[PDB]
Amino acid sequence: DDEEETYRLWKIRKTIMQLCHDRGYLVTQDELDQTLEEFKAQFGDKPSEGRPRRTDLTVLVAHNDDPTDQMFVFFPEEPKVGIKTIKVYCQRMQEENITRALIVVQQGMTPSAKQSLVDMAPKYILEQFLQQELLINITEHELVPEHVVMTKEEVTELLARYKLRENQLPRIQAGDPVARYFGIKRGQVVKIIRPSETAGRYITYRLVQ
Amino acid sequence: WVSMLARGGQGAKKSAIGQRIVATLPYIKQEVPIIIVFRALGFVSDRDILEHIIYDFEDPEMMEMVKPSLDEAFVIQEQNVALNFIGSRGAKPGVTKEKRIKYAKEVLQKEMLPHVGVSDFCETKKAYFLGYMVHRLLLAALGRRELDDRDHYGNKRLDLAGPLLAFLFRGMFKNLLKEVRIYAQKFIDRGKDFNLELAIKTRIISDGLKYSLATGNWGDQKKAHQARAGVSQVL
Amino acid sequence: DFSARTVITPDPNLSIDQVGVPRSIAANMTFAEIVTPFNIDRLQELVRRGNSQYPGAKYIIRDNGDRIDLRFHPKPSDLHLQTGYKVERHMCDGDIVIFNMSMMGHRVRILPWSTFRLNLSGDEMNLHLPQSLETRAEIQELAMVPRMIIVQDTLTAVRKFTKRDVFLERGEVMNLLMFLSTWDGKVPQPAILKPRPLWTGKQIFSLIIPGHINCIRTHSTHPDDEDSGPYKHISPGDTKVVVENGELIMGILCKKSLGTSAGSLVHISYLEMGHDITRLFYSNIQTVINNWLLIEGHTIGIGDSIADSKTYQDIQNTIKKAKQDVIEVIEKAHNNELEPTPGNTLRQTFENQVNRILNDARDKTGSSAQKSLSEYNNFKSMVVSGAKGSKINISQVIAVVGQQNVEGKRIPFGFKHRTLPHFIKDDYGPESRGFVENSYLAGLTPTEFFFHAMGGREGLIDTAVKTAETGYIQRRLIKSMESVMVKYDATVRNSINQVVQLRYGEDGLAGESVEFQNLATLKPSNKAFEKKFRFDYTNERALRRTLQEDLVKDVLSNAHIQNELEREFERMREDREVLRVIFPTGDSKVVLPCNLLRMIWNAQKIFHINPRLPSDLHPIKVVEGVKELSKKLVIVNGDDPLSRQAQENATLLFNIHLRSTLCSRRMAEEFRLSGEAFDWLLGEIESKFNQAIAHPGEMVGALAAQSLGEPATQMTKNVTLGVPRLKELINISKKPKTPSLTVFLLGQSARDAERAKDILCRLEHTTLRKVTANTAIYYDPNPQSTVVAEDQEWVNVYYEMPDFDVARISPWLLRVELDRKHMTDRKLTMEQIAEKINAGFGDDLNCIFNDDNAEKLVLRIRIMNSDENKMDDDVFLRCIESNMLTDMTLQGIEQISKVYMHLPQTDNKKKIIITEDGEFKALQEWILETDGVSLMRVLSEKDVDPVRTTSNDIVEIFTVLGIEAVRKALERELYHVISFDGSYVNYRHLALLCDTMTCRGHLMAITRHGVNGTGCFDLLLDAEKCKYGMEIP
Amino acid sequence: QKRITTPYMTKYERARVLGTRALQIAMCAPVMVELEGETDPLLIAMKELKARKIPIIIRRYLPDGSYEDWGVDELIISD
Amino acid sequence: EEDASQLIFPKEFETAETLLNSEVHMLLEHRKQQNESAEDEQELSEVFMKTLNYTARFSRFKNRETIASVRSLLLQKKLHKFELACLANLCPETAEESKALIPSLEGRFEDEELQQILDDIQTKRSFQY
Amino acid sequence: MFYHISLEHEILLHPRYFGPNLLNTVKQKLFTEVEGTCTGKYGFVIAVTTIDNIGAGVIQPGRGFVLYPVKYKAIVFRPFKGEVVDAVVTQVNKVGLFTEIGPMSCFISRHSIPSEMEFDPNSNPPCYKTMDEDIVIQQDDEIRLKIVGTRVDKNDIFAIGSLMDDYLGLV
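- The name the PDB entry assigns to chain E is RNA polymerase II subunit D, from the organism Sus scrofa domesticus.
- The title field of the PDB entry reads "RNA Polymerase II dimer (Class 2)".
- UniProt, in the comment section headed Subcellular location (unreviewed entry), describes chain E in these words: "Nucleus".
- Quoted verbatim from the Sequence similarities (unreviewed entry) field of UniProt, the annotation for chain E is "Belongs to the eukaryotic RPB4 RNA polymerase subunit family."

See the structure below:
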């Protein structure tokens, strides 16, 4: 259904743009709260069987701290994603000289293509995201607390005050939807400011491993 | 256990026929179609199979349920083939082809439905009881007959000291013949007569009943199986 | 030294800490004691006694370690002992013993008889004696019964004792006061001096209350309208309990007031005074009431069960009316007049209607029985005090036993459609299905007796398995949290030293000292909050009444004080906003360390503060004093920003409550505390909070397991709860029993009922089987034949267009009918069904649909022409037919069997949104509870709330929202089952269990082994402090 | 110095300090405070804690391996 | 330093394949048969007799076919060799019993799939009467 | 527990057995040395299935005894620590239940037995029965126990069990 696709694609774009803002990238104010009515107007046509496709849905953002740390959000535009298309995207990203990119994969992914994300060079950072996962913003959920990524400077200071080690802190899986949402890797500490019923506010730090 | 395959499974041919009846014989590891059993009895004609199972031909609801069961057994038309088919999956299949028929003949005649008939001229009686079991299944499957209650005491029998000791008495008596046979075996081959006074063993009959009645473990502790505790308790 | 187990008997005279032990058992048990010059003679005489005499020693140990048996006594010299020896003297009075991993110590008292004596406030037990002095000292300091913490025979008499009717003569008062250990020695002045002295029960109980503790409670039989009436302070029925300066001025005590609870005399005394004083309170109550009980007396007899004839007619009339109503319902179903509810079937709907009629009759008749009992009646006394029994028990004794449900339903038809042979076939009447209309006193009919046995049998089976399962959980929880402890850095860590929680309970406070209270700075709206809190200095007359003449001049003389007064209110208003996000539900009840309201009341009584005279307390002192007090209260000591940030978070609620309770306006408007009173108040808060800090070295993990395991024994759309759910929560098993999901709607559709149906249909998974009526495979030689006569009229016009007719068409057909009723419920259309069949299966077959307006819907399906030109088409049609009726989803999401839609009466489900005025309001929003878990797809649906939509399956939440979301979801599920029966558990204990399971980043099943230590600090000797000291000899 | 632990003395520390001291007193150990006829060893140690004379020094082992030497006299007891 | 619950034991036993109590009885019977008649040797040691009674009493299977079927059925899964004989020897009634008795199974087996395995063993084990 | 292993044993053969087909004497000798014994490392060697191979016979200097390293397949009974296994009760005493796990004997202490159980010297024969009488452990009773630890003494393995763990008892 063409009408259903408009809402499905609109939610992905809205969540994707908010993903960069939560990560720490500079995002335009209008693109975060962009309305569905403006989704069709700014494309000018229906996505399915029309000029608006997933290829042009790609967005470019720059990190707030430094503009040279741009981010990519590519869309395969295909029922299944293979190795050949993946090699093209990173090869295309090579010209722009960018280090991180996001792929919004459809419900189906080739198992061989999954290995592309593992054998990539350390400077390559490709994160896979299912279409269903991005249709909803996990962060805004009431159960999910506020997650803040801790910089390296804070982590060293944090352990010094509490005299803690990396293993002593609570662990969090790298494949967690929240961890994937923030695009965090091993060795990163996430600050969780949850609204504790007893003390009102309780800050918890979890190490990705 | 005359079981009926569930409709949950899906297949190229299974879905078409759908639900078919499979009967597992006591000495046959695999589940053989019930229709083939009747063919082994002697009812080669397919109409006779429906006659024994379906009593009311006017009712079409039950007739459709038995149709899929005939498809599996259709290729087996001759009675000898049905006997050969059953003997194929027997516990101890015979090396020669003719032995498979004999083993199936004995299993169905003796092992299967002993109560209805034990001789060799009860094929008609055995088939009627077998058809009734299928007929009972059809009523339950269609829902026109309520499922039997597991806890219904009418479906449960109580074994008292009489029935219980009767089963035990066979254990020692059967072993008693073996002791006589084994004792005489060495005597017979030597050509001299064997005195019965030594052949009959009093300890097995006496101690056999006394053992379980005291400890409470039924059967023979020599036998490699799990015992029955909790009976013949201290008054 | 394990002792021989012996039965247990009660002994009110003994203190709760004390335990009675026979001479024989104590003789066998021995306690090694090091001899000292101060007690050299004591050991010298005891050893001389010998083993024949009870006060003797089994063995004597020399310095070298040699043990000499005293049974033989070979030489007098060997009997003589030297300093430093160890003597295994037999247990005597005053020794400390420990028995039932938390164990309570006791003080042994020797009694003549054999059976053990315990002051309960039966089962055999074995008491263990700590041989070492070090552990003996430790046991008596922390493991004693007073630090661990009334019988039902005392609570019932307590309610009668405190009744205003009770009057005690001089002679009776003497005996009661004799047993009072905490007696000053002076007889209180009689309430009624003339014509004769007569002490009221409260006056005697006033001395029982220790010190000066103030608390307000309500009796069980306290009418709601009484509080709102003008007689609230002067209770017409003495149903209000108020204590001032340790004196019970009014009110009848009961389990609610005296029994353990969030607020009770025992609980208040424990926090106000301590454990040692609280124990004396228990002992005094038990002893004094027991002596008085000999005068009043408690009994029970047939007269209690025999009610007035008026109530018997009403009970029978209600029973008769219910029986006739059930017959009417049965008749309606007999004639098909009854209409099933959309959310249930006819058979289940009938069972629901009949159950309510019978259930309502029991409650209505039972309620009348409660009113029937007079005050003198003994049955009423037990339930009124709440000591033993329940209103339902009286109902089954007097009014009616009630329905005897088996396996959650009425008596099943064991026979063919009849419960018992006597009842006719297919009988659904009250007597036939097990409804017991006869009370225990009247006697049950032979049919009812068997039905009663069937119901009782289920309870016994459930009870037998409930204990086995519940006990298993207790052992499992302890093992997984045995090593969890609070270290000296105010952190919770296990044996591996992994940080489970930064602060114990997320606040760093003990779970025993915390008291329940409700801060009043969030509930009032934007009109009441300002009036009640914001100080108003513009009204000259008001300030003069509240504050002395000098104080009013001082506040209005300099503007510096005026700015601070407004600044303090601004902080309170700022605190108001942050509370709302912290408490979306808006409940005022919260757990806090120390009770300010009670403490303020204590200050008023201590200093004799009266509200009539102006308060001399300077309002600027309140804000300044509170500011200083906040700094003094420290949870995370340090100066780094992390410690400062953590300190604010830890004491966020306490500071907010402290400022709201202690403000310039309140201290001068209602509290009226004086300057000296406020100074004492600040010191008390600092001391209480300091004592509330979680002491390092506390086995919080073991405490949590015991705190979580105890309610587990009292545990036991259809949602599985109790032990079955508790097991599944700790058992992470991927497939629960009833993994329901709650769907919350948003927007306009959330209010309308019809607009919520389309969401219900689009979430519920429906197959062709549920929407189809009948199917058949007909034969038509040529395309224009259409052997079926009825459909020939409409197929002809549709078939005129050569669609898929470019070549030969097979003469087979798969015509299938569609149920009209089912289509209406799902609001389905013929084109929608046809589109899915073609799109879902592809171009293998072609389908034809008829007009929707037709009474009967015809759907003809034929194999596609391309495939037409081995199951060519006949057998294949049979195969494909089953496939599309089983695994075809016209609309919905798999794994969803049914969706339950109903307006939620409960407040938690209802959305709470802050109104413009400010007062909390809960709107009515439709909620769709659906069986199965599809949170990943259900959330990504139109008109579905992505925030409040949460499932009860932790496993599903883990893969969708993450481990962090599971911690909150696990807490909700754990709290939901625990709070289902009305029991409550501290949040800190619940949070600890969730944190440990999720500490490793993935859900971890509680340790199934279930097999089942003060070493974080070491004592070091100092030579400098030993330079001073003189030896005792 | 630079001690970050709570100034107050925990119940567990109080129980062990008195228990160990009481055991020492029963083994002919000297008593700092004056003796007024208290025979029971626990009472002798109890008043010693009140007068802040117990020589025992509490070494609280932090989870990170560091230790802090807190004197019984320095710690604030509750009476 | 070794514990069966944690699947820690000497490295030598890793190469070894576990045996069922009923299956061992067959091996003992084969050893007993040859010693009794095939060769004239001293009577079998008391240790051999003691284990023979233990295996016979706890033998959960009648013939080799039942033993082989259970062995083949459990081999298809990822069951560890140590659990292969332990599960069959114990014959847990339900899945919950097996995990508590066998902590290792809880690591890689769900509450549902294992239940479908234990019940299969029940259909194979033969009762006296 | 029963395992299938390939062990190595150095067989000492007297020169008196250097007659024809001396390998048969070596083969039969192995059925007495490693058969019926109980090595402390691999447990009881209940039986030997077959012989893998016989190594070259090296003559020890001075001693004159030829050493034959032979590889054989045998089944051992090694009780792993912390392993739950069924047992048979052989006797009952006030100290505790005495069990029999196949060739070896395992002893159960009174403390390890659940507190609910109480020894009854009056009942003939003795059997640890609790007050409720629900579960009773008589002699020759099939019970399940967990071996907390094992010790090797005089070339034999002695095991200590417990029933504190869940689902340990008659079932």
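**A few points about the overall build of chain C**
Reasoning step 1: Across its full length, chain C carries 41 helices and 32 strands.
Reasoning step 2: Dimensions along the principal axes, computed over C-alpha positions, put chain C at roughly 125 × 90 × 75 Å.
Reasoning step 3: As presented, chain C carries roughly 48600 Å² of accessible surface, and 54% of it is formed by carbon and sulfur atoms.
Reasoning step 4: Here chain C holds 127 positive side-chain charges and 139 negative ones, and the gap between their average locations is 5 Å.

**Description of the sheet that holds strand β24 (residues 816–818) of chain C**
Two modes of strand pairing occur in sheets, parallel and antiparallel, and in both the strands are linked by backbone hydrogen bonds.
Residue and element names in this part refer to chain C.
Reasoning step 1: If you trace the four strands from one edge of the open sheet to the other, you get β23-β24-β26-β25, paired in antiparallel fashion. Each edge of the sheet is formed by a strand with only one pairing partner; in this case those strands are β23 (772–775) and β25 (845–849). Neighbouring strand axes in the sheet, compared pairwise and without regard to direction, differ in orientation by 25° on average.
Reasoning step 2: Strand direction decides the pairing type here: β25 and strand β26 (residues 857–863), joined by five bridges, are antiparallel. By the bridge assignment, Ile848 is partnered in β26 with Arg860.
Reasoning step 3: Contacting β25 and β26, helix α33 (residues 792–799) crosses the sheet at an angle of about 120° to β25.

**Comments concerning the nonpolar core**
Reasoning step 1: Counting 98 residues, the largest nonpolar core has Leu477 and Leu961 of chain C as the members making the most contacts within it.
Reasoning step 2: When residues no more than four places from it in sequence are discounted, the contact partners of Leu961 of chain C are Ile138, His141, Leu143, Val144, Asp176, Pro177 and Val178 of chain A together with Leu935 of chain C.

**Comments concerning the domain arrangement of chain C**
Reasoning step 1: The domain architecture assigned to chain C consists of domain 1 (152–296) and domain 2 (758–891).
Reasoning step 2: The straight-line distance from the C-alpha centre of domain 1 of chain C to that of domain 2 of chain C is 82 Å.

**Some points on the pairing of strand β2 (residues 18–22) of chain C**
In summary, the side chains of a regular strand alternate between the two faces of the sheet.
All names here are of chain C.
Reasoning step 1: Burial analysis of β2 places four of its five residues in the buried class, the great majority of the element.
Reasoning step 2: With two bridges joining them, β2 and strand β9 (residues 116–118) adopt antiparallel strand pairing. Counted as the bridge partner of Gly20 is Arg117 from β9.

**Digging into the packing of helix α4 (residues 60–74) of chain B against helix α7 (residues 123–142) of chain B**
Residue and element names in this part refer to chain B.
Reasoning step 1: Where α4 contacts α7, the axes come no closer than 10 Å and their chain directions differ by 110°. Accordingly, the angle class assigned to the pair α4 and α7 is roughly perpendicular. Along its contact with α4, which presents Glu61, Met62, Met65 and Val66, the element α7 presents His135, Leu138, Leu139, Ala141 and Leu142.
Reasoning step 2: When grouped by side-chain class, the residues that make up the contact of α4 with α7 number seven nonpolar, one polar and one charged.

**Some points on empty space enclosed by the protein**
Reasoning step 1: The computed volume of the largest cavity comes to approximately 230 Å³.
Reasoning step 2: Lining the largest cavity are 18 residues, and of these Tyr799, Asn846, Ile848, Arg860 and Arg862 of chain C lie nearest its centre.
Reasoning step 3: A total of five residues in the lining of the largest cavity trace back to one element, the largest contributor, which is α33 of chain C.
Reasoning step 4: Residue composition of the lining of the largest cavity, by class: eight nonpolar, six polar and four charged.
Reasoning step 5: In this model, the second largest cavity occupies a volume close to 140 Å³.
Reasoning step 6: What lines the second largest cavity is a set of 13 residues, among which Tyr162, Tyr202 and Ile203 of chain A together with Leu502 and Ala646 of chain C lie closest to the centre.
Reasoning step 7: Counting only elements with at least two residues in the lining of the second largest cavity, the list comes to β11 (202–208) of chain A together with α25 (641–650) of chain C.
Reasoning step 8: Per-element accounting of the lining of the second largest cavity gives the leading share, four residues, to α25 of chain C.
Reasoning step 9: Each residue belonging to the lining of the second largest cavity can be placed in one class, and the counts come to nine nonpolar, one polar and three charged.

**Observations regarding the environment of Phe75 of chain A**
Residues and elements named next belong to chain A.
Reasoning step 1: Along the chain, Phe75 falls in the loop between β3 (70–74) and β4 (80–81).
Reasoning step 2: Residue classification places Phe75 among the buried positions, given a relative accessible area of 3%.
Reasoning step 3: On a C-alpha basis, the gap between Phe75 and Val104 in space is 5.2 Å, while along the polypeptide they are 29 residues apart.
Reasoning step 4: Among residues more than four places away in sequence, those in contact with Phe75 are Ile12, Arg54, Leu57, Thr58, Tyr89 and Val104.

**Overview of the interface of chain A and chain C**
Reasoning step 1: Each partner contributes residues to the interface: chain A has 42 residues there, and chain C has 61 residues.
Reasoning step 2: Summed over both sides, the interface between chain A and chain C buries roughly 4500 Å², with carbon and sulfur atoms accounting for 56% of that surface.
Reasoning step 3: Connecting chain A to chain C are two salt bridges.
Reasoning step 4: Here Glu964 of chain C and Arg194 of chain A are joined by a salt bridge, their closest N and O atoms 3.0 Å apart.
Reasoning step 5: If you look at where chain A meets chain C, you find 18 residue pairs in polar contact.
Reasoning step 6: At the level of secondary structure, the elements contributing two or more residues to the side of chain A that touches chain C comprise α1 (2–23), α6 (131–134), α7 (152–162), β9 (171–172), α8 (177–182), β10 (189–194) and β11 of chain A.
Reasoning step 7: It is β11 of chain A that provides the largest number of residues to the side of chain A that touches chain C, a total of five residues.
Reasoning step 8: Partitioning the side of chain A that touches chain C into residue classes produces 20 nonpolar, 10 polar and 12 charged.

**Remarks on the sheet that holds strand β7 (residues 125–130) of chain A**
Reasoning step 1: Ordered in space as β1-β2-β3-β5-β7 (chain A), the five strands form an open sheet in which the pairing is mixed. Looking at which strands have only one partner, the edges of the open sheet turn out to be β1 (25–26) and β7 of chain A.

**A look at the packing of aromatic side chains**
Reasoning step 1: Summed over all chains, the structure comprises 36 aromatic pairs over all chains.
Reasoning step 2: Relative to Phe187 of chain B, the ring of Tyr183 of chain B has its centre 4.7 Å away and its plane inclined at 40°; by these criteria the two rings are tilted. Taken together, the positions of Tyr183 of chain B and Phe187 of chain B, both in helix α8 (residues 161–190) and four residues apart, correspond to about one turn of that helix. One exposure class covers both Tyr183 of chain B and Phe187 of chain B, and it is buried.
Reasoning step 3: Ring centres of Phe529 of chain C and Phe533 of chain C lie 4.9 Å apart, and the angle between their planes is 35°; this geometry places the pair in the tilted category. Of this pair, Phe529 of chain C and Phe533 of chain C are both found in helix α19 (residues 528–533), four residues apart, which corresponds to roughly one turn of the helix.
Reasoning step 4: Relative accessible area serves as the criterion here: at 0%, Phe529 of chain C is assigned to the buried category.

**Re the packing of helix α11 (residues 265–272) of chain C against helix α12 (residues 275–296) of chain C**
Residues and elements named next belong to chain C.
Reasoning step 1: The interhelical angle for the contact between α11 and α12, taken along N-to-C directions, is 150°, at an axis separation of 7 Å. Taken together, the axis directions place α11 and α12 in an arrangement best described as roughly antiparallel. For α11 against α12, the interelement crossing comes out right-handed. Across the interface between the two elements, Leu265, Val266, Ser269 and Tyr270 from α11 touch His275, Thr278, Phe281 and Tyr282 from α12.
Reasoning step 2: Residue classes in the contact of α11 with α12 are distributed as five nonpolar, three polar and no charged.

What counts as what
Residues numbered from 1 in each chain as written, not as in the entry; some residues may be left out. Chains lettered and ligands numbered in written order. Part of a larger assembly, values for the part shown. Heavy atoms only, no water. UniProt positions renumbered as here; feature names shortened; annotations may be inferred. Helix = DSSP H or I, 4+ residues; strand = E, 2+ residues; numbered from the N terminus. Areas by Shrake-Rupley, 256 points an atom, 1.4 Å probe, with all protein chains shown as cover. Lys, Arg positive; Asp, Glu negative; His and termini not counted. Charge placed at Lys NZ, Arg CZ, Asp CG, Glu CD. Pairing = 2+ DSSP bridges. Axes fitted to C-alpha atoms, helices over the stretch in contact; angles between N-to-C directions. Contact = heavy atoms within 4.5 Å. Core = buried A, V, L, I, M, F, W, Y, C linked by side-chain atoms within 4.5 Å. Buried < 20%, exposed > 50% of the residue type's maximum accessible area, 1.4 Å probe, protein only. Domains from an automatic or database assignment. Parallel < 35°, antiparallel > 145°, perpendicular 65-115°, else oblique. Nonpolar A, V, L, I, M, F, W, Y, C, P; charged D, E, K, R; others polar. 1 Å grid on protein atoms, 1.4 Å probe; cavity = no way out; pocket = protein on both sides within 12 Å on 5 of 7 lines; lining within 4 Å. Points joined across faces, edges and corners; volume = space filled by probe spheres on them. Buried area = accessible area lost by both parts, 1.4 Å probe. Salt bridge = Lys/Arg side-chain N within 4 Å of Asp/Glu carboxyl O. Polar contact = N/O pair within 3.5 Å; in protein donor to acceptor, adjacent residues only side chain to side chain. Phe/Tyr/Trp six-rings, centres within 6.5 Å; stacked < 30°, edge-to-face > 60°. Left-handed = near helix turned anticlockwise from the far one by under 90°.

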